[PDB]
Amino acid sequence: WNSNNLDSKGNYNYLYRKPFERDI
Amino acid sequence: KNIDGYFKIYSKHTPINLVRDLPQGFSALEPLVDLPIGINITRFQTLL
């Protein structure tokens, strides 16, 4: 779901870079 | 073993009468736990 009402500010705290891998 | 982000453990405990070596007979290991943890593994070590 879109979340522009909850998770926008910008909200640069939110980050991005095999199956079910958590490569921190 | 690791498959599709699951780490699987199987085991057996048995009495034996041999100090040096693994017994030549047959017995089958059964699953203990099946963990959804998703990590890459290429090395391991035992704890003493």
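Same order as they appear, the protein sequences are chains A and B.
Going left to right, the first sequence walks through residues 436 to 444, 447 to 454, 462 to 468 as the authors' numbering numbers them.
Going left to right, the second sequence walks through residues 195 to 242 as the authors' numbering numbers them.
C-beta: ideal position from N, C-alpha, C; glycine also.
Annotated three-state conformation of residue 228 of chain B is strand, per DSSP. Nearest CB-CB separation between residue 228 of chain B and chain A: not below the 9 Å threshold.
Collapsing the DSSP output to three states places residue 196 of chain B in a strand. Using a Cβ-Cβ cut-off of 9 Å, residue 198 of chain B is close to 462, 463 and 464 of chain A, given in chain order. The CB of residue 232 of chain B comes closer than 7 Å to the CB of 464, 465 and 466 in chain A, given here in chain order.
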